[PDB]
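Contents: one structure, followed by commentary.
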Amino acid sequence: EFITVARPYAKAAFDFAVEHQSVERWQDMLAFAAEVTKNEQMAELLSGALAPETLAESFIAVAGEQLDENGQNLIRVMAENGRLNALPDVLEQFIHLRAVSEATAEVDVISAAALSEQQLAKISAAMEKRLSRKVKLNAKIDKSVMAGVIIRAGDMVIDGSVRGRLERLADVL
Amino acid sequence: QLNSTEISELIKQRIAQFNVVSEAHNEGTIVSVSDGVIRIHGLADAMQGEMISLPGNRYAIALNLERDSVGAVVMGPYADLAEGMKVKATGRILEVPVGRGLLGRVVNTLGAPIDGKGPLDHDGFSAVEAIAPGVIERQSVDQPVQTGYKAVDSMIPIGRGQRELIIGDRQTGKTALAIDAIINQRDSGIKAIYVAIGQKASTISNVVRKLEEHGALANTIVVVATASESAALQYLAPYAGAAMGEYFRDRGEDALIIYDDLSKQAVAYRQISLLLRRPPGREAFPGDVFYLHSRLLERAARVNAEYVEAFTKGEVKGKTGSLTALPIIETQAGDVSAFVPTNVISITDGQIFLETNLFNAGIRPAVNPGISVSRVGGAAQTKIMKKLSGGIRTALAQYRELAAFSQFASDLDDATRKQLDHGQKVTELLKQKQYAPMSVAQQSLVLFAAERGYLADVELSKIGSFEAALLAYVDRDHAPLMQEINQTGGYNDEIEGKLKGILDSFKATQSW
Amino acid sequence: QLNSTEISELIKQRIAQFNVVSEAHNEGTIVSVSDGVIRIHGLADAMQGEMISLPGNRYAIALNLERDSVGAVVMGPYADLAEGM
Amino acid sequence: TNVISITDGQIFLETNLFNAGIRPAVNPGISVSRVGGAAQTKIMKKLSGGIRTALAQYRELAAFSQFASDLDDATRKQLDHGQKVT
Amino acid sequence: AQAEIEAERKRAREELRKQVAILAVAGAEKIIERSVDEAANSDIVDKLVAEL
Amino acid sequence: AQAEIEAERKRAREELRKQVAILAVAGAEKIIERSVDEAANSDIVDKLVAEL
Amino acid sequence: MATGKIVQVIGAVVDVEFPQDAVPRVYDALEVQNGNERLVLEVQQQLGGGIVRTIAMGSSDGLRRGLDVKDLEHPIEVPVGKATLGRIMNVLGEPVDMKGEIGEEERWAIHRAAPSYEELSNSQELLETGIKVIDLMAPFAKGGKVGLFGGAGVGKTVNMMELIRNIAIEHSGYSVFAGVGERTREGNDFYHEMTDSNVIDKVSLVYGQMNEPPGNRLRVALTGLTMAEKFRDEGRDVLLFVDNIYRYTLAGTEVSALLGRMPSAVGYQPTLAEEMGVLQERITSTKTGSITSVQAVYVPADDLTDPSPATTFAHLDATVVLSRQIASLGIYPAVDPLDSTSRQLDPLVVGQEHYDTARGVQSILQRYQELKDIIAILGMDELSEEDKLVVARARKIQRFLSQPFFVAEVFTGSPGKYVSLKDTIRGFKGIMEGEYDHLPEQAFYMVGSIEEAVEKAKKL
Amino acid sequence: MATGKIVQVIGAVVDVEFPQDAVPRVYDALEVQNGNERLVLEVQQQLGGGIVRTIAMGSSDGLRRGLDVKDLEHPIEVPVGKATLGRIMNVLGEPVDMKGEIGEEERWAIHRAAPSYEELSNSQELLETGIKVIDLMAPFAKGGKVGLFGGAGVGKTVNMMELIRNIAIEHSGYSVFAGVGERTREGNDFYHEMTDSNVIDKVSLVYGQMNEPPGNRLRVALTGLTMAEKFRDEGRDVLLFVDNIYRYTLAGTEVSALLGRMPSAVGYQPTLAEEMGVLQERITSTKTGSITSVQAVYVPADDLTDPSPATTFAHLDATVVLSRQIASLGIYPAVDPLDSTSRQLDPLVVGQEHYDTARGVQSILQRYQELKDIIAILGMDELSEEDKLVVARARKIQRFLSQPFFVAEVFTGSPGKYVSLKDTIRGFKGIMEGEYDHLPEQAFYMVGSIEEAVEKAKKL
Ligand SMILES: Nc1ncnc2c1ncn2[C@@H]1O[C@H](COP(=O)(O)OP(=O)(O)OP(=O)(O)O)[C@@H](O)[C@H]1O
Ligand SMILES: Nc1ncnc2c1ncn2[C@@H]1O[C@H](COP(=O)(O)OP(=O)(O)O)[C@@H](O)[C@H]1O
Ligand SMILES: Nc1ncnc2c1ncn2[C@@H]1O[C@H](COP(=O)(O)OP(=O)(O)O)[C@@H](O)[C@H]1O
Ligand SMILES: [Mg+2]
Ligand SMILES: [Mg+2]
Ligand SMILES: [Mg+2]
């Protein structure tokens, strides 16, 4: 897994994209650089024991959608460290850093049924009291939580489900 | 059994008490399962040592707060868990039932009853991991805890609040010695705690059966981590025992705790460390294993009356609590230069070295007097014993210096032959049968007998029948003096005269 | 999985331009200090066994020349060296 | 020992005997055949009997019967035959 | 005494079948935080006898 | 012997309460399964958002 | 069905990759078609990312990367019950003799919990064995565990075959023999001896011998226990013989590194004591029914302090310790009386006379050990006149501990003997008390009761 | 404000990330709130990119990730000067005696360079201890170091308690006691002994108790040493007591293993001889003043050769070895007259009178050792007249080296004695010259001074 080795490149790319106010461009540049890594053949070549910069060049050749200085230099440094397979996670950490910097958060809403909207208004506004960020809901439906709703933001959750009551009671008994 | 009415009403009380409103909690997901360790990804607010709560009533102790993972050890059968399961971080530390009700129960290390004789009547809960009383809180140990072994209570005293290490090779009486220490405390007001790490369950059942055949079981708590239970439970069990003993200590009572095989707690902890990939030290033990035993044993203490009054909020006054520990260690091939023996030999206040040669030759208990020590020493004895045992020390020291000549003895000079036979007679005197503890009166009498030369003429092979006859004779004919000694332990020229009279009368009037 | 002394600030410098030929081959920066040993980044022309001159008029001996950094030992009190000198 | 644990016996050739001209230096007492006599021709089985314990005994008897000896005629014929055999 | 308690045990088994419905409705009402005069009691009695 | 009888009473007057408790929560779950209503569900939402 | 792919193969361990949602549970059994074959994998760990890491219950050779594996959704399960009886079975519970299917009614998963501390039972009822030393020094009880600790080639298999002969023919219930990682020759000899005695239909046999790859030697003991655990739960009483328990931990060590676990004390796996305890803790008697077991325990390089014997000692009730320095004297059985011991050697249990005789024998033999250095240096003449008597009696006690075995007629011709306990404590009490103190040493070597010795003296 | 965040917590080891302008130096102290309680961390390494690896000076439980770390721009630094005397402090210089805040005038950092070779001054002023065997056999001078060597139970700690009492009551010299890995029972015994003896107001106590994390047990020696350096800079002669060097080296081994350095000969940290040097080299007699030291050193298993005692020998000037055999014969204080040694024991410094008295005692004992094994085989009467006189004087000297201590007064009851060096030499010379051949041997035991021997002989 690559979470711990993507962190430095993610932080550096984000710092750079902030200093040049080009965050939004870097994000898609990195998305593309990630999906090239997933190609059937390239993934084979990424595993082959070729020298760093020859691999770097064969990789750059497949990208015209990279800004010809900074994206290339990122790729070439990652090649120097043989970490090109980490792009799928450099992307995620870049996205998370963007979220943290813009003070904007996503929160999941898992429910027995679709809510009534003003319910969603109260949910978001109070989560903006719980969290300082601008909160973006994305609701989902599951009949396992036969009644009420689960609020899942990040890794803090609020269990208002009847199922949670039912079992939280069951283990007293 | 029409108590079903009560049953249903009890369930109704549990229903009524369920405070059905919610609480926010922090969540993670399992991403690995192997050999009892799970890797949890998330839990930004996990704390070290926290009890993480898995599906089913199971928990795990979070031990590694790595940069992007949490390594946690499952406290129970782990084979059922699976990748992708969800996990919650309680705020809680590991707490265990504790209190007076436990006495006579057998519990696993979570304090669930395992004897099967129903639930517990505990007095609340206590943290498993606590810090011992500071320097200012102690009080110097000056009370005896009687083992009932001539060989130990004379030459290697143990005081209330001391920490005495029983160490020796396999099958030399380490458990027998500790269980006789427990049995002897049936009447003595000391509450005992026996905590078995990594033993086979049928052995635990056997020792409990012996404690029930004697009177001792009603006095004592047994804490069990059988060898089939996971490493986390084995490794934690000594703390659950100490937390049960501190309930008594912190309330002015006396307790005695017997960690059976710290040398298996160390092994369980080694396994846990190597599975968490922590850098291994010597013999692959992780480095902190000294801290591991150090914090555990330092909790055995005697606390002055003021700390009790402060803790019990004025309810108990003028009494000093005390917790005594007797950890047991096992050494391969007598080798005392290993990692764990050398750590616990450094921590404790004394050592009882049990020797397999002495155990084979017939000397039982096999305590080796020449390398056993006790740094509380004379301070902890009754002054009759304190008076009388000094001469046994010197008799055996001269015997150990002369012993080399025993294989050329016929060539020796009678001026030394006297000593070289007195040594053998006092050594043949310290042999003792199992489950047969002696009151202090009997040990004092039997040591006085050998100290004042009465045995100088009894033949070696008869010493034991001499001793038995003497103890019977005094028990019928002179009981009030035994009552006095046992009740006070004092010593006087008066007492010495009475003893000389008893020996004179016995040696003429009775036979063996 | 171990990082190899490649870190946020240095990678941002390599982002700015990849072939940092601008840097002198004679100078570098301390990137780690521990137990009396330090790792130096840069110093492309260090030679094994050389004397490296620290701030405060002290010396270090370059013993490990590796793919990205120079490991050296300090010839005196090391405790006041800091990352970034 | 790993291999002593896998085979059906061992022929232990001892260097002390080999230096004394006893060649082959088969040390009886350590060497054994875990299939035993089941493998031998009937004549060889008959004639050999438990001979190897006889030479094991003779060889340990010589351990005490060099500087002194006792029962010194039956041990004497025991030693005589053991020596002519070896 | 072991045979005597086994008789007592089955008599309790008889008595508890009634109380467990009352516990199920009390639980449901506390769980939902509201009373309910539920209609399809057939599902309640079906569980009530079938497992016990 | 008397202590062993009183133990067997406590033991069989714990396992019986386990049996009732399991059937109680299964019954309350079935009651909730039919009693579920969008207005009451919306009040559950209102209580969890007020508690939040 | 499929829904797996292989992604690595290291020695005996194979990594398999499943869709994130379908990953199997630990100890589930997978299956692979190794060419014109079928191979069963037991999963040991769940790595992240839908991977799972497994051990191959068969020859690992021939596996390509990218094969398709099928996920059986249950652990390994073996035939159990009366049907198993008198038949030979694989680790997977396949029949391995040439006869037909096992007609079993029921199959149990080989991974199970130990019985509760509540359930255990304790019994003092002694078991008589024909063997002088074993039931003098280390008597054992019906329902206990016995262990024969020994080096290579000292007699821990022959001794177990005599224990089988003496106990098992004279016992009514069923029996199980689990062969773990030892010779196939011996297993075949045993099978034909059983079948030509007609006792085979009492005995069930499991065999994961030396030839098999590590997965078989790893999991076979659990099968043998599962069969004994069935017979126990039926309320019978059972004799369980394990051919060599050490091979189970050794097969664990072979695989340990490949599962990615840091090594430990002397190379062993980190989980040694747990891996041994979780097996050892389920082989016990209980209030519903009882198991008597004899386990042979090999000690490597004759080092009794190696981790594997040292952790085995705590599990067993009666430990018999064979030694090469006694067997090289021709004194079979080579039991060392100064290391053998039993939980049952108490006055309360064996009665005063037996206990006192055993302790007297130990005292004499220890006093003889304490002299061997002075005897070695200065010779026997410098001893005191009473020490010469101690030595002369110890050197008789050592021989009288020897006994000829019925199974060892193959090696020595001499016919075996059965010695009753009453008849041996008398003989040792005699020798110690010096009433046979006019008889040459070799009068005692390889005899039955003391009266065969007094006879053998007459003929030299 | 607090500028760094915790990113790892692995046992006692904690890692903290800072912005790259603010990275703490090495040995800088950091502070973090462990809930309702403050915790400080000491920086051991700088690694990576603003990441720092640290040891917690307190119990590590309860730490979350992401807590805010405020860095102090100081190393650890402690109160010093008179204000400390009669206080007990931990490694951080906080009170643990409940007498409230220390009332510090000044704080000094615990890490500082040793004196230059230029600043030292060789002065041979012998210490006077009042202990007969030590003052005669193993004299040591100001600025020097003494190692008390012995197994467990021999009397290192009580010898140190007596040495403190004598120096503080008779000579009024300030003393620092640094309990590196102190046993709390023994630390409370010490505190009450010093307060009863009424010396406490001239001693400052520092305890790093065993139950504390390795960082505490390692650094306490430097706190005690910094307090001694402040009293030295005031131009006093102070005496510094260290309760084990062995536990200092064990704490260093634990901290090294926790930091994950590759271990060395017997697991000891790479840096063992440096850590020992860094501690030992600050204890020296600069021209301005003096630190003398006495240090207890447990020898594990009586080997005298594993690295912790073997490495410490290079720094000691005198070595006093205590034996459990002598102690068992009851001659406390249990120095063994023949094995103990000192570099200061040569005529030029002690004077010929002293040197000759010491060598005389050694000769007399060394001949008595020869004679004991003639006396065993042949009995006393075959000796010559001067051999019996040598034996009688050797026993009287061996008895006379015993002495009652004002701190052992609780164990024996008997009141302690202080013996001046004049009286020690005059006594041993008078015994060897035979001036006291008319007193019985028991008259010499535990009396104290030689006139008290002459007095005691009357009543016996
Ligand atoms: N004082 C005694 N007299 C006679 N026999 C004794 C005595 N003490 C112990 N024994 C015997 O020694 C045997 C071993 O006892 P025990 O199990 O207590 O030793 P151990 O050190 O606990 O062994 P293990 O380490 O395997 O637990 C027991 O069978 C016991 O009967
Ligand atoms: N009672 C006996 N009489 C004669 N020989 C014996 C006796 N017991 C064991 N042996 C010898 O022990 C040798 C070792 O065989 P075995 O017991 O199979 O070793 P292992 O214990 O390694 O299986 C055999 O060759 C056999 O000759
Ligand atoms: N001079 C002495 N007088 C009385 N008791 C002593 C003396 N020296 C040592 N002891 C005894 O030795 C035991 C341990 O003393 P301690 O100083 O703690 O030894 P150590 O520090 O060497 O372990 C105690 O019982 C103490 O009474
Ligand atoms: Mg035991
Ligand atoms: Mg074998
Ligand atoms: Mg000491």
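Convention: chains lettered A, B, ... in structure tokens order; per-chain residue numbering from 1; ligands numbered from 1 as shown.
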
Set the cut-off to 8 Å and count only C-alpha atoms: what are the residues of chain E that reach chain F? Output as a count of residues only.
19

Which of chain C counts as strand (DSSP E) under DSSP, as an NGL selection string please?
:C and (28-34 or 37-42 or 51-54 or 58-65 or 69-74)

Output the selection as a CSV table (one decimal), in the first residue's frame - N, CA and C atoms for each residue.
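Contents of again-v9.csv, freshly written:
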```csv
chain,number,residue,atom,x,y,z
C,28,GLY,N,26.0,21.9,0.5
C,28,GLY,CA,24.8,21.1,0.8
C,28,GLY,C,24.1,21.5,2.0
C,29,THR,N,23.2,20.8,2.5
C,29,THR,CA,22.4,21.1,3.7
C,29,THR,C,22.2,19.8,4.5
C,30,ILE,N,22.3,19.9,5.8
C,30,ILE,CA,22.0,18.8,6.7
C,30,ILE,C,20.6,18.5,6.7
C,31,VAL,N,20.2,17.2,6.6
C,31,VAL,CA,18.9,16.8,6.6
C,31,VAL,C,18.5,15.8,7.7
C,32,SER,N,19.5,15.4,8.5
C,32,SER,CA,19.3,14.5,9.6
C,32,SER,C,20.4,14.6,10.6
C,33,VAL,N,20.1,14.5,11.9
C,33,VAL,CA,21.1,14.4,12.9
C,33,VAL,C,20.7,13.4,14.0
C,34,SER,N,21.7,12.5,14.3
C,34,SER,CA,21.4,11.5,15.3
C,34,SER,C,22.6,10.8,15.8
C,37,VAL,N,25.9,11.3,14.1
C,37,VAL,CA,26.0,11.1,12.7
C,37,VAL,C,25.0,12.0,12.0
C,38,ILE,N,25.4,12.5,10.8
C,38,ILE,CA,24.5,13.4,10.1
C,38,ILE,C,24.4,13.0,8.7
C,39,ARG,N,23.3,13.2,8.0
C,39,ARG,CA,23.2,13.0,6.6
C,39,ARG,C,23.0,14.3,5.9
C,40,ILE,N,23.8,14.4,4.9
C,40,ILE,CA,23.9,15.7,4.1
C,40,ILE,C,23.3,15.4,2.7
C,41,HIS,N,22.4,16.3,2.3
C,41,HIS,CA,21.9,16.3,1.0
C,41,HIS,C,22.6,17.4,0.2
C,42,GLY,N,22.9,17.1,-1.1
C,42,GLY,CA,23.8,17.9,-1.9
C,42,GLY,C,25.2,17.4,-2.0
C,51,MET,N,37.0,16.1,4.4
C,51,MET,CA,36.6,16.9,5.5
C,51,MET,C,35.6,17.9,5.1
C,52,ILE,N,34.4,17.8,5.8
C,52,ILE,CA,33.3,18.7,5.5
C,52,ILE,C,33.3,19.7,6.7
C,53,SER,N,33.1,21.0,6.4
C,53,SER,CA,33.2,22.1,7.3
C,53,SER,C,31.9,22.5,7.8
C,54,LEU,N,31.5,22.2,9.1
C,54,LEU,CA,30.2,22.6,9.6
C,54,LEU,C,30.3,24.0,10.2
C,58,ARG,N,33.8,23.4,13.0
C,58,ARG,CA,34.0,22.0,13.3
C,58,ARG,C,34.1,21.3,12.0
C,59,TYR,N,34.3,20.0,12.1
C,59,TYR,CA,34.5,19.2,10.9
C,59,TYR,C,33.7,17.9,10.9
C,60,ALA,N,33.3,17.4,9.7
C,60,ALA,CA,32.7,16.1,9.6
C,60,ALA,C,33.5,15.3,8.5
C,61,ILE,N,33.5,14.0,8.7
C,61,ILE,CA,34.3,13.1,7.8
C,61,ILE,C,33.2,12.4,6.9
C,62,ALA,N,33.3,12.6,5.6
C,62,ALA,CA,32.3,11.9,4.8
C,62,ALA,C,32.6,10.4,4.6
C,63,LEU,N,31.8,9.5,5.2
C,63,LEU,CA,32.1,8.1,5.0
C,63,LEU,C,31.2,7.4,4.1
C,64,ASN,N,30.0,7.7,4.1
C,64,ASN,CA,29.0,7.0,3.2
C,64,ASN,C,28.6,8.0,2.1
C,65,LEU,N,28.9,7.7,0.9
C,65,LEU,CA,28.4,8.5,-0.3
C,65,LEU,C,27.4,7.6,-0.9
C,69,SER,N,22.6,11.1,-0.7
C,69,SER,CA,23.0,11.9,0.4
C,69,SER,C,24.3,11.3,0.9
C,70,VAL,N,25.0,12.1,1.7
C,70,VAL,CA,26.3,11.8,2.3
C,70,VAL,C,26.1,11.6,3.8
C,71,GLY,N,26.6,10.5,4.3
C,71,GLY,CA,26.6,10.3,5.7
C,71,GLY,C,27.9,10.5,6.3
C,72,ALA,N,28.0,11.4,7.3
C,72,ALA,CA,29.2,11.8,7.8
C,72,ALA,C,29.2,11.7,9.3
C,73,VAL,N,30.4,11.7,9.9
C,73,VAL,CA,30.5,11.7,11.4
C,73,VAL,C,31.0,13.0,11.8
C,74,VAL,N,30.6,13.5,13.0
C,74,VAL,CA,31.0,14.8,13.5
C,74,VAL,C,32.2,14.7,14.4
```

Could you report the residues within 6 Å of ligand 1, using only C-alpha atoms and all ligand atoms, as a PyMOL selection string?
(chain B and resi 170-176+364-365+432-434) or (chain G and resi 314+343+346)

From a DSSP calculation on the backbone, collect every residue of stretch 291-464 of chain B in alpha helix (DSSP H) and output the set as a VMD selection string.
chain B and resid 291 to 297 305 to 311 339 to 347 356 to 361 383 to 402 414 to 429 440 to 451 463 to 464

So which residues are near ligand 3, meaning at most 8 Å away with only C-alpha atoms and all ligand atoms counted, given back as a VMD selection string?
(chain B and resid 374 to 379) or (chain H and resid 150 to 160 186 327 332 to 334 403 to 405 407 to 412)

Those residues with C-alpha atoms, as a compact mmCIF listing (two decimals), in the first residue's frame please?
```txt
# COMPACT_ATOMS: atom_id res chain seq x y z
CA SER B 374 16.01 -11.44 51.60
CA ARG B 375 16.74 -7.71 51.84
CA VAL B 376 13.88 -7.00 54.29
CA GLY B 377 15.44 -9.76 56.44
CA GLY B 378 15.62 -9.69 60.20
CA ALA B 379 13.23 -6.73 60.27
CA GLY H 150 29.04 -7.23 45.18
CA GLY H 151 26.12 -9.53 44.66
CA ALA H 152 22.64 -8.92 45.99
CA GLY H 153 22.12 -8.48 49.71
CA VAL H 154 25.72 -7.80 50.64
CA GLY H 155 25.32 -4.28 51.95
CA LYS H 156 26.12 -1.73 49.26
CA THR H 157 23.15 0.48 50.13
CA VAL H 158 23.62 0.38 53.89
CA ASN H 159 27.36 1.04 53.43
CA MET H 160 26.36 4.10 51.44
CA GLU H 186 14.48 1.24 49.82
CA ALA H 327 28.46 -11.51 55.43
CA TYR H 332 29.31 -6.75 58.56
CA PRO H 333 30.59 -4.46 56.97
CA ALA H 334 31.30 -7.26 54.52
CA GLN H 403 31.97 -2.48 63.03
CA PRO H 404 28.53 -1.29 64.19
CA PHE H 405 26.89 1.40 62.03
CA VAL H 407 22.27 3.18 60.34
CA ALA H 408 22.40 -0.57 61.08
CA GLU H 409 21.34 0.41 64.59
CA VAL H 410 17.76 -0.35 63.53
CA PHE H 411 18.64 -3.89 62.41
CA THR H 412 20.88 -4.91 65.32
```

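Between chain F and chain E, which have the same sequence, the C-alpha root-mean-square deviation after superposition works out to 10.5 Å.
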
What's the 10 Å shell around stretch 270-281 of chain B, counting only C-alpha atoms, without same-chain residues fewer than 4 positions away, as a PyMOL selection string?
(chain B and resi 34-39+63-64+71-73+230-232+235+264-266+285-289+339) or (chain G and resi 260-265+269-274) or (chain H and resi 10-11+253-254+256-263+266-268)

Taking only C-alpha atoms into account, find every residue of chain H that has an atom no more than 9 Å from chain C, and write it out as a VMD selection string.
chain H and resid 20 to 21 23 to 27 44 to 50 113 271

Report the closest atom pair, with its distance in Å rounded to one decimal, for each residue of chain B that has an atom no farther than 8 Å from chain G; count only C-alpha atoms, sort by chain and then rising residue number, and write it as a tab-separated table.
```
residue	atom	partner	partner_atom	distance
B:31	CA	G:48	CA	5.1
B:32	CA	G:47	CA	5.0
B:33	CA	G:46	CA	5.1
B:34	CA	G:45	CA	4.9
B:35	CA	G:45	CA	7.5
B:79	CA	G:26	CA	5.8
B:80	CA	G:25	CA	7.2
B:81	CA	G:25	CA	7.7
B:82	CA	G:25	CA	6.3
B:83	CA	G:46	CA	7.0
B:114	CA	G:118	CA	6.6
B:115	CA	G:118	CA	5.5
B:116	CA	G:118	CA	6.0
B:199	CA	G:314	CA	7.2
B:200	CA	G:315	CA	6.1
B:201	CA	G:117	CA	6.2
B:202	CA	G:120	CA	6.6
B:205	CA	G:117	CA	7.3
B:206	CA	G:122	CA	7.1
B:227	CA	G:277	CA	5.2
B:228	CA	G:278	CA	4.6
B:229	CA	G:278	CA	7.9
B:230	CA	G:274	CA	7.4
B:231	CA	G:274	CA	7.6
B:270	CA	G:270	CA	7.6
B:271	CA	G:270	CA	5.2
B:274	CA	G:262	CA	6.0
B:275	CA	G:261	CA	6.6
B:277	CA	G:262	CA	7.2
B:283	CA	G:265	CA	5.3
B:284	CA	G:264	CA	5.4
B:332	CA	G:305	CA	5.9
B:333	CA	G:305	CA	7.0
B:357	CA	G:366	CA	7.8
B:360	CA	G:363	CA	6.3
B:361	CA	G:363	CA	4.9
B:362	CA	G:363	CA	6.1
B:407	CA	G:383	CA	7.3
B:408	CA	G:384	CA	7.6
B:410	CA	G:384	CA	7.4
```

Show which residues sit within 10 Å of residue G:111, as a ChimeraX atom specification. Count only C-alpha atoms, and ignore same-chain residues fewer than 4 positions away.
/G:27,75-77,219,222-223,225-226,278-279

Residue subset to file, keeping N, CA, C and O atoms, as an mmCIF file, in the first residue's frame:
```cif
data_model
loop_
_atom_site.group_PDB
_atom_site.id
_atom_site.type_symbol
_atom_site.label_atom_id
_atom_site.label_comp_id
_atom_site.auth_asym_id
_atom_site.auth_seq_id
_atom_site.Cartn_x
_atom_site.Cartn_y
_atom_site.Cartn_z
ATOM 1 N N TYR G 27 -8.986 -19.738 8.067
ATOM 2 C CA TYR G 27 -9.103 -21.186 8.167
ATOM 3 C C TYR G 27 -10.129 -21.784 7.227
ATOM 4 O O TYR G 27 -10.328 -22.991 7.265
ATOM 5 N N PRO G 75 -14.470 -24.710 6.683
ATOM 6 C CA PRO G 75 -13.122 -25.172 7.006
ATOM 7 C C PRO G 75 -12.906 -26.583 6.516
ATOM 8 O O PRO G 75 -13.798 -27.167 5.901
ATOM 9 N N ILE G 76 -11.730 -27.145 6.775
ATOM 10 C CA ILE G 76 -11.530 -28.559 6.518
ATOM 11 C C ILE G 76 -12.412 -29.372 7.447
ATOM 12 O O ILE G 76 -12.540 -29.067 8.637
ATOM 13 N N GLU G 77 -13.031 -30.412 6.907
ATOM 14 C CA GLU G 77 -13.913 -31.261 7.686
ATOM 15 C C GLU G 77 -13.600 -32.707 7.354
ATOM 16 O O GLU G 77 -13.358 -33.044 6.195
ATOM 17 N N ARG G 219 -1.254 -29.968 9.771
ATOM 18 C CA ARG G 219 -2.639 -30.096 10.190
ATOM 19 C C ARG G 219 -3.090 -31.515 10.515
ATOM 20 O O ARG G 219 -4.253 -31.694 10.860
ATOM 21 N N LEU G 222 -4.422 -32.262 14.261
ATOM 22 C CA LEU G 222 -5.761 -31.755 14.508
ATOM 23 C C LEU G 222 -6.832 -32.722 14.032
ATOM 24 O O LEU G 222 -7.880 -32.849 14.669
ATOM 25 N N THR G 223 -6.566 -33.466 12.967
ATOM 26 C CA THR G 223 -7.504 -34.494 12.536
ATOM 27 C C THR G 223 -7.579 -35.629 13.548
ATOM 28 O O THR G 223 -8.668 -36.091 13.918
ATOM 29 N N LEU G 225 -6.912 -35.559 16.716
ATOM 30 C CA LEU G 225 -7.685 -35.029 17.828
ATOM 31 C C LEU G 225 -9.168 -34.939 17.518
ATOM 32 O O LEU G 225 -9.984 -35.122 18.410
ATOM 33 N N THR G 226 -9.548 -34.552 16.312
ATOM 34 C CA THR G 226 -10.973 -34.427 16.027
ATOM 35 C C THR G 226 -11.680 -35.773 16.131
ATOM 36 O O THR G 226 -12.787 -35.870 16.667
ATOM 37 N N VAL G 278 -2.891 -24.386 21.882
ATOM 38 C CA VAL G 278 -4.202 -24.548 21.264
ATOM 39 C C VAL G 278 -4.446 -25.984 20.800
ATOM 40 O O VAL G 278 -5.591 -26.434 20.763
ATOM 41 N N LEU G 279 -3.410 -26.710 20.394
ATOM 42 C CA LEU G 279 -3.558 -28.158 20.243
ATOM 43 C C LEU G 279 -3.598 -28.911 21.567
ATOM 44 O O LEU G 279 -4.486 -29.728 21.790
#
```
